[PDB]
Amino acid sequence: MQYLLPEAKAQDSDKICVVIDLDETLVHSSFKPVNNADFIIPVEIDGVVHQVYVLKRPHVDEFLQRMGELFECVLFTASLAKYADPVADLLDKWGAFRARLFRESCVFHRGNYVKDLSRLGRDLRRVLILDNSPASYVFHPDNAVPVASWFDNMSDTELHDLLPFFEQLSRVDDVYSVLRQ
Ligand SMILES: [Mg+2]
C-alpha cells in the first residue's frame, strides 16, 4: 500500500508527526440546532442539504497554532471530507495541518474505523495520535496522548492543559520513553 503521507518537508524531518482527531476532540457537531454555534455549514446527504451546527472546543485556536509550530500535524478523521474539509478550512488559520486524511484512509478493522499509524510512513518513535476514542489506535496504544471527549462544556481546558505535555514530548528522542513501550 501507498503511504498516507508524502515525504516530510526538510524542516519537519526531525519533528514528531501528530495525528489529530476532529469529532469530540477539536469540535462537536450536530444536526439539531444549537445556540451560539461557531460554524453552521451545509452538508449534502442523499441529495438533501442539511445544516450542521459546529461548536469549537475552548482554546482550539491557541492549541492549533502552537501544535502547528511544534509538530508535523496531520488531521486524521473517520468522517467524510464533505464535512471535515470545510470544518478544517474554518479551523486551521495557520496552516498547522500538513495533510488531511478522512474516512477512506482508515482501516475498517473488526467493526471500527482504525487509524493505523504504521500506515503514515513516519518513524513510530516519532509519532503521536490525539484521539478521544482509544478504539481508533488499537494497533498503537503506546503512541497515544489520552484526551477527553468534548461536547459543550465551555469550562473545558483539556487542549490548554495538553500543550505543556506536548511541549515536553517535542523535546524527547523517543515518545515511547514517555508513553512507555
Ligand atoms: Mg472523535
Side-chain angles (χ1 to χ4, degrees), residues 4-5 16-34 36-41 43 45 50-68 70-93 96-120 122 127-163 165-166 169 175 179:
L4 295 175
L5 298 180
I16 284 171
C17 170
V18 182
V19 164
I20 305 175
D21 183 55
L22 182 58
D23 292 301
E24 285 69 68
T25 294
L26 299 179
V27 307
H28 177 55
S29 309
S30 176
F31 280 109
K32 76 174 186 298
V34 180
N36 302 309
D38 288 283
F39 311 139
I40 302 178
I41 64 177
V43 176
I45 305 176
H50 305 290
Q51 323 190 328
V52 176
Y53 302 74
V54 189
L55 290 169
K56 307 202 305 176
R57 192 174 189 162
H59 311 90
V60 65
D61 297 314
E62 169 191 52
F63 180 71
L64 292 183
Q65 176 171 47
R66 188 44 175 161
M67 292 291 290
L70 293 174
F71 320 93
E72 170 182 42
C73 298
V74 174
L75 179 66
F76 199 165
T77 177
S79 63
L80 304 171
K82 62 182 183 182
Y83 154 71
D85 249 331
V87 174
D89 285 343
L90 293 162
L91 285 174
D92 190 7
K93 297 180 172 62
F97 294 136
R98 317 287 189 185
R100 301 175 186 190
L101 305 169
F102 315 87
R103 172 110 63 188
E104 330 75 62
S105 296
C106 295
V107 59
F108 199 61
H109 173 265
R110 305 184 87 251
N112 298 289
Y113 287 103
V114 182
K115 301 166 184 175
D116 186 350
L117 308 188
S118 82
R119 193 98 188 64
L120 280 43
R122 305 290 98 125
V127 172
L128 301 168
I129 180 170
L130 179 63
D131 196 313
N132 67 299
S133 300
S136 297
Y137 50 78
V138 294
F139 294 126
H140 309 277
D142 300 318
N143 286 87
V145 169
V147 59
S149 300
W150 183 78
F151 300 84
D152 51 38
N153 181 0
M154 300 312 285
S155 183
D156 176 286
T157 63
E158 257 246 11
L159 298 186
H160 183 70
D161 305 330
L162 278 167
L163 289 177
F165 189 58
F166 273 120
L169 285 163
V175 297
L179 303 179

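The first residue of the sequence shown is numbered 1, and numbering continues consecutively from there. Values below: every heavy atom of this structure, side chains too, minus hydrogens, waters and symmetry copies. Whatever order the structure lists them in is the order used to number ligands and atoms, beginning at 1.
In summary, of the residues considered (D156, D38, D61), a salt bridge (charged side-chain N to carboxylate O under 4.0 Å, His left out) with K56 occurs for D61 alone.
As for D21, its N/O/S atom nearest the Mg ion (ligand 1) is the one called OD2. Closest to the Mg ion (ligand 1) among the N, O or S atoms of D23 is O.
Summarising the geometry, atom CZ belonging to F166 is positioned 9.5 Å from atom CG belonging to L70; distances are rounded to the nearest 0.5 Å.
Look at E24 and the Mg ion (ligand 1): no N/O/S atom of the residue is under 2.8 Å from the metal. For a distance bound of 2.8 Å, the N, O or S atoms of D131 include none lying that close to the Mg ion (ligand 1). Put simply, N132 gets within reach of the Mg ion (ligand 1), with an N, O or S atom under 2.8 Å from it.
Side chains of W150 and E158 form no contact here, defined as non-hydrogen atoms less than 4.5 Å apart. By the 4.5 Å heavy-atom criterion applied to side chains, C17 and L120 are counted as neighbours.
The shortest non-hydrogen separation linking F139 to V114 is CD1-CG1, 3.8 Å.
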